[PDB]
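Peer 1: would you be able to build a 3D model of this:
(chains A and B)
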Protein chains: 2
Amino acid sequence: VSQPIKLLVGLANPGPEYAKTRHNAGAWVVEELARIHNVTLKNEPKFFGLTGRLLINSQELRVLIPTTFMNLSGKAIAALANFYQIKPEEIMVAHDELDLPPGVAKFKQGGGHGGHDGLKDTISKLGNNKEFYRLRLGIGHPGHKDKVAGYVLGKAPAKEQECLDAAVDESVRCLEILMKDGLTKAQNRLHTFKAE
Amino acid sequence: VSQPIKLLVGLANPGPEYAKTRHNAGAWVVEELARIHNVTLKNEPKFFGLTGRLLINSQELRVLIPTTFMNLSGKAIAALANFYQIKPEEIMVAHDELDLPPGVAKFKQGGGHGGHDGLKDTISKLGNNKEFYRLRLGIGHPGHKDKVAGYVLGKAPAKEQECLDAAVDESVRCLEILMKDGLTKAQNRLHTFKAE
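Peer 2: Numbers count the residues shown, from 1 in each chain, chains lettered A, B, ... in the order given. See below for the structure:
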């Protein structure tokens, strides 16, 4: 089946202290996808991150979790995409999404960064090309804008984390469906899911 | 001239709240100076951070810990410095310094960002001006470029943290000395210090 995605990126800050923070939600998806496919990601300094190649339905999907600062995610994504000759429209970036609630996830093509430091850098390093795909993992949002960075760098409370974990798992399933049945069918499934 | 400083900024990421990570070293200095001087740091959304005002030897010293993403620290700094008409040469930015070991600290004017995302943004948002002062709190350098973000976003081991905390204490004393006796004398004390 024809489907557009050659590279799946999961945005993150590195290390143990950031691993369970909301702003690492996209990495959670890639980690669970790789685990289910029995591939351990390898550190590749030239790509500023951890990478692997998955065989799913049995398309080849490269995956990446940058080990840069979140605000330098684009260095990883560009370095890898250039090496493998991948264009922005063939990249899906999974990330935490303030404008969706915990337990929801959506696919989208294009859009702004929404103030997400990793998406901002990604757009920049891909030559101001916004037309990469996104896997938007809802995290909710705080009451006040000035509290957004503290929010995304916090750990969700247990109940909220259950919703997020559910949406991660269903996003993984829909990525597997993307590789079997294509984007429209994957999206139709994902966009009816709501954990609660 | 000998006491140029009107604003002391302590860089840090604003979460997770559970975690004393190396890249928050500068905020530790501002928090301890504030504690000793009975200043409560208060959220001030128009400056994108926690703020205070001290009076030490009749010199007003405003303090800021940005609550932006680290790579937007200069947005907070410039917001406050513009509001109070403080020039860049009147600002001292306390920050983790890869180029000194744990237990050592130094004052300097100008210099590059050395890869520090907060310093980089600060130079930019101050109108591409490096000539603010720095309080460099040594955190050591991991010996390879690849995992620098992971290193600064890590928690120092308990022993190393004792060295850090000792450098924070000495840095607070030398900030007090700067406000009383001026920068040359404050340097003469700080630069001969090593934690024991």
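
Peer 1: how about the residue of chain A found nearest chain B, nearest residue that isn't a chain neighbour?
Peer 2: Relative to chain B, the nearest point of chain A is residue A:153 (3.2 Å; CB to the nearest CB). C-betas here are computed from N, CA, C, even on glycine. Once flanking residues are discounted, residue A:153 sits nearest to residue B:15: 3.2 Å by CB to CB, 6 or more residues apart in numbering or on different chains.

Peer 1: distance of that neighbour from residue A:182?
Peer 2: As judged by CB to CB, to the nearest Å, residue B:15 and residue A:182 stand 38 Å apart.

Peer 1: okay, those two: which has more neighbours?
Peer 2: residue B:15 (21 against 14; other CB atoms under 10 Å in any protein chain shown).

Peer 1: re the thing from before, the residue nearest to residue A:153 - that's part of a strand, no?
Peer 2: No: assessed by DSSP: H, G, I helix; E, B strand; the rest coil, residue B:15 does not belong to a strand; its assignment is coil.

Peer 1: in contact with it, which residues?
Peer 2: A:21, A:149-154 (CB atoms under 8 Å, 6 or more residues apart in numbering or on different chains).

Peer 1: I'd say the residue of chain A closest to chain B and residue B:18 touch.
Peer 2: No: with contacts counted by CB atoms under 8 Å, residue A:153 stays clear of residue B:18, the gap being 10.5 Å.

Peer 1: which one of the two has more residues nearby?
Peer 2: Using other CB under 10 Å, the more surrounded residue of residue A:153 and residue B:18 is residue A:153, with 24 against 12.

Peer 1: near chain B, which residues of chain A?
Peer 2: Within chain A, the positions near chain B by CB under 8 Å from any CB of the partner chain are A:13-18, A:21, A:43, A:45, A:48, A:67-72, A:117, A:144-147, A:149-155.

Peer 1: return the subset of the residues you listed lying in strands.
Peer 2: residue A:43 (DSSP state E).

Peer 1: out of the residues of chain A next to chain B, which end up buried?
Peer 2: Buried subset of these (neighbour count, 16 or more other CB atoms under 10 Å in any protein chain shown): A:13-15, A:17-18, A:21, A:48, A:67-72, A:117, A:146-147, A:149-155.

Peer 1: pretty sure residue A:155 sits against residue A:21.
Peer 2: Yes: Residue A:155 lies in contact with residue A:21 (CB under 8 Å); the separation is 5.9 Å.

Peer 1: what about the biggest helix by length in chain A, distance to the chain center?
Peer 2: Ranked by residue count, the top helix of chain A under DSSP state H comes out as helix A:158-181. Taking CA atoms, centre = their mean, to the nearest Å, one finds helix A:158-181 lying 11 Å from the centre of the chain it belongs to.

Peer 1: now the very next helix or strand once past that helix: buried residues?
Peer 2: Downstream of helix A:158-181, the first helix or strand assigned by DSSP states H and E is helix A:183-190. Buried positions in helix A:183-190, judged by neighbour count with 16+ other CB under 10 Å: A:183, A:186-187, A:190.

Peer 1: just stretch A:127-146 next, same as before
Peer 2: A:132-141, A:146.

Peer 1: gap between that stretch and the chain center?
Peer 2: For stretch A:127-146, the gap between its own C-alpha mean and the chain's C-alpha mean amounts to 10 Å (CA atoms, centre = their mean).

Peer 1: put the alpha carbons of it into CSV.
Peer 2: Extracted C-alpha coordinates of stretch A:127-146, given in CSV (Å, rounded to 0.1, in the frame of the first residue of the first chain):
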residue,chain,number,x,y,z
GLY,A,127,14.3,25.0,5.4
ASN,A,128,11.2,26.6,6.6
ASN,A,129,9.2,23.8,5.2
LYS,A,130,6.1,23.1,7.5
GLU,A,131,4.6,20.4,5.3
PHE,A,132,5.8,17.5,7.4
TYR,A,133,3.2,15.2,9.0
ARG,A,134,2.5,15.4,12.7
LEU,A,135,1.2,12.9,15.2
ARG,A,136,-0.4,15.2,17.8
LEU,A,137,-0.6,13.6,21.2
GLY,A,138,-2.9,15.6,23.4
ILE,A,139,-1.6,16.7,26.8
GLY,A,140,-4.0,19.5,27.7
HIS,A,141,-2.9,22.9,28.6
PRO,A,142,-2.5,25.1,31.7
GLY,A,143,-4.8,28.1,32.5
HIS,A,144,-2.2,30.7,31.6
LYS,A,145,0.2,31.0,28.7
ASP,A,146,3.2,31.9,30.9
